[PDB]
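Read the structure below first, then the notes.
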Amino acid sequence: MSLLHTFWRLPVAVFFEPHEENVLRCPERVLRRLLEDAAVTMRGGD
Amino acid sequence: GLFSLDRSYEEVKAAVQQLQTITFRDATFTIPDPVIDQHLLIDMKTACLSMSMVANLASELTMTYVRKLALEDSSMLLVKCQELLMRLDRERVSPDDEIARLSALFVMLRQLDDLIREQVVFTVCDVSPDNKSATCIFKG
Amino acid sequence: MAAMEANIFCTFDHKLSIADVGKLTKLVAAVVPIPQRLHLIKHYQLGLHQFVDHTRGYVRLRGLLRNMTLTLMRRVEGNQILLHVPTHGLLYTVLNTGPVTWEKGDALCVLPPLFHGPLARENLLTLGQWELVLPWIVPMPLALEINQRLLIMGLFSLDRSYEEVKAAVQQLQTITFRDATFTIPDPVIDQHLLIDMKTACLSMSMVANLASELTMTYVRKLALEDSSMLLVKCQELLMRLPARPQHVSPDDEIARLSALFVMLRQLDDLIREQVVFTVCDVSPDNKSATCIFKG
């Protein structure tokens, strides 16, 4: 909940091609898939 | 003119005496106070009242339109505009009445038009001890 | 290259009749706009007809007419026309065509034509689905009213029902000025009005943010110790709600007033049309006036 604190109180609609400026778009499905793949890589990692 | 209603205090009167004296190229003069006989003349009264009315009407009217138009605004400027309006809010209608208030705002702005801008009528090119005169080109 | 032409000859690429040349002769001293200065031009590029379009917006037509070139009509010869582009500050004889009265000493502006009364007059030049629609030369107060009402229609359209906007557009359409009533044709909310709405919102918000507590509280303080029709009327337009002013600084007040003057100029330029002529004469029949050109 609200784990990010932002200086601005309103967001803006960001235009232009992703090679102009950095934007963190990622839907939750992709994030969950990435998390489990990283888990299996860590398992793959006297 | 705007200070004309607080003239019972000495702080305000010192403020007006500071407003009244003006300094320019090697000369100082005192402009006459628009308040004579303790009351402000009707033309200056209308100018001040129109200025205050346009300010007051903008303060309440602009937020409703800024929200809707900032939703669309590709300039991401109107979002910052709405943020500033939210800030000034934080520091402190029938459709025909909305039309009436918008009409009032624009009529008050037209009332300000005489003062808001003044025309240039000449531009100077001449220097002399005779400085009483100069040669200028006329502009309409 | 070629220096800009001043005297422009226009030829009609169409068989003219006697009546066409007559109603063409009546237009001497009229102001007609053209898109391109050239010594000899063709009649298709004469007037506003080339710009009327399925867009049908009045604001589009105003924006197109602003960027056109204004020229005055000179004497008519059989199937030929002479136009003269005026110079700033000189004196000229100008004919009026719209049914709007002029007065000695007022300012004039160019706006696309309105329609008046029964709209009984359309006997201008028609030549094979081409027309000579001339713009209306109107005094400043009516031009300010037109632009103001268009902007008000646009602003009110935001977040009001379709039928509410219908009723508002119906009532704001009709203008009464100098004892004659005119109606705006086709008030349409395109993008051209959307730009004006955006800058109006920004200008109002910056006015509200810049205005000081002295400026805000003047109206309230006057209402407590003065009473007049002006004050009671303007306060009836306003919301409802001694002691010393808690902050007093003339230097801050003057800096703030200067910035507010810049913003109020920004907002005024939305309704303020550019003056093209200044009048000092009227024919007592009000058909023509002698004017100083301001361009």
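Order-wise, the sequence lines are chains F, Y and X.
Here the first sequence stands for residues 1 to 45, 54, where the numbers follow the deposited numbering.
Here the second sequence stands for residues 154 to 245, 259 to 306, where the numbers follow the deposited numbering.
Here the third sequence stands for residues 1 to 241, 253 to 306, where the numbers follow the deposited numbering.
Even for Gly, the Cβ is constructed at its ideal location relative to N, Cα and C.
| request: Taking C-beta pairs closer than 8 Å, name the residues in chain Y that residue 163/X reaches, listed in chain order. | output: Residues of chain Y passing the Cβ test: none, with the nearest at roughly 11 Å.
| field | Selection from 193/Y, 202/Y and 158/Y that minimises the alpha carbon distance to residue 249/X | value | In the model as presented, chain X runs from 241 straight to 253, which leaves residue 249/X without coordinates.
| Touch test, the region 267–286 of chain X against the region 223–238 of chain Y, Cβ-Cβ under 8 Å, three pairs minimum | In short, these stretches do not touch, since the Cβ pair count stays below three.
| N- and C-terminal bounds of the beta strand (DSSP E) containing residue 42/X | Note, residue 42/X: beta strand (DSSP E), 40–42.
| Looking at chain Y, which residues of the region 10–36 of chain F have a Cβ within less than 9 Å of any of its Cβ atoms? | Within the region 10–36 of chain F, the qualifying residues are 10, 11, 12, 13, 14 and 15.
| request: Note down, in chain order, all residues in the region 226–238 of chain Y with a beta-carbon under 9 Å from any beta-carbon belonging to chain F. | output: So the close ones are 226, 227, 229, 232, 233, 235 and 236.
| Just the Cα atoms here: how many angstroms apart are residue 180/X and residue 279/Y? | In a straight line, the C-alpha of residue 180/X is about 25 Å away from that of residue 279/Y.
| query | Whose C-beta lies closer than 7 Å to the C-beta of residue 173/Y among residues of the same chain, with five residues either side of it excluded? | reply | Closer than 7 Å at the Cβ level, and outside the excluded window around residue 173/Y, lie 183, 184 and 186.
| So residue 56/X packs on residue 4/X, CB below 8 Å; how close in whole Å? | Not quite, the Cβ-Cβ distance comes to about 33 Å (not below 8 Å), so this is no contact.
| Within the 7 Å Cβ cut-off, does residue 201/Y reach chain X? | Yes, contact with chain X.
| task | Go to residue 84/X, then tell me how far its beta strand (DSSP E) extends in each direction, as first and last residue. | result | Start and end: 80–84.
| said: So, with DSSP's three-state summary, where would you put residue 55/X? | reply: Of the three classes helix, strand and coil, the one that applies to residue 55/X here is coil, per DSSP.
| field | Integer Cβ distance of residue 65/X from residue 267/Y, believed to fall under 8 Å | value | Not quite, the Cβ-Cβ distance comes to about 31 Å (not below 8 Å), so this is no contact.
| field | Burial state of residue 206/X (16 or more Cβ within 10 Å) | value | So residue 206/X ends up on the buried side.
| task | Check the Cβ-Cβ distances between residue 282/Y and every residue of chain X, and say whether any is below 7 Å. | result | Chain X has a Cβ within less than 7 Å of the Cβ of residue 282/Y.
| Are there three or more Cβ pairs, one per stretch, closer than 8 Å when the region 288–296 of chain Y is compared with the region 68–80 of chain X? | Contact between the region 288–296 of chain Y and the region 68–80 of chain X is absent, because fewer than three Cβ pairs lie under 8 Å.
| query | What residues are listed by DSSP as bridge partners for residue 302/Y? | reply | In DSSP, residue 302/Y forms a bridge with 290/Y.
| Backbone CA spacing between residue 239/Y and residue 223/Y [nearest angstrom] | Their backbone Cα atoms lie some 13 Å apart in a straight line.
| task | Give the residues from the region 181–197 of chain Y that approach chain X closer than 8 Å (Cβ to any Cβ), ordered along the chain. | result | Residues of the region 181–197 of chain Y whose Cβ lies closer than 8 Å to any Cβ of chain X: none.
| message | Just to confirm my understanding: we take residue 290/Y, look at its own chain, exclude 5 residues before and 5 after, and list those with CB closer than 6 Å. What are they? | response | Counting only Cβ-Cβ distances below 6 Å, and skipping sequence neighbours, we find 300 and 302.
| How do the region 122–131 of chain X and the region 160–167 of chain X stand: do at least 3 beta-carbon pairs fall below 8 Å, yes or no? | The region 122–131 of chain X and the region 160–167 of chain X do not touch, with fewer than 3 CB-CB distances between them shorter than 8 Å.
| said: So with CB distances below 7 Å, who are the chain X contacts of residue 285/Y? | reply: Near residue 285/Y there are no residues of chain X at all, since even the closest Cβ is about 11 Å away, more than 7 Å.
| query | What are the residues that DSSP puts in a beta bridge with residue 204/Y? | reply | Per DSSP, none; premise fails for residue 204/Y.
| Cα-Cα, which of 209/Y, 211/Y, 225/Y and 217/Y is closest to residue 13/F? | Taking the Cα of residue 13/F as reference, the smallest distance to any Cα among 209/Y, 211/Y, 225/Y and 217/Y is reached at 225/Y.
| query | Tell me, which residues are paired with residue 193/Y by DSSP? | reply | Residue 193/Y pairs with 188/Y.
| query | What residues match up with residue 109/X in a beta bridge as DSSP calls it? | reply | Paired residue(s): 138/X.
| task | My understanding is that residue 88/X touches residue 288/X, with C-beta atoms under 8 Å, so please give their C-beta distance in whole angstroms. | result | That pair is no contact at about 11 Å.
| message | Would you say residue 173/Y lies against chain X (beta-carbon separation less than 7 Å)? | response | Not an interface residue.
| field | Closer than 7 Å to chain X by CB, residue 272/Y | value | With 7 Å as the cut-off, residue 272/Y counts as an interface residue toward chain X.
| field | Contact check, residue 94/X vs residue 138/X, beta carbons under 7 Å | value | Between residue 94/X and residue 138/X, the C-beta spacing is not below 7 Å.
| said: Buried or exposed for residue 258/X, going by 16 or more other Cβ atoms inside 10 Å? | reply: Per the 10 Å Cβ criterion, exposed.
| Of all Cβ atoms in chain Y, is any one closer than 7 Å to the Cβ of residue 301/X? | Answer no: the Cβ-Cβ gap between residue 301/X and chain Y never drops below 7 Å.
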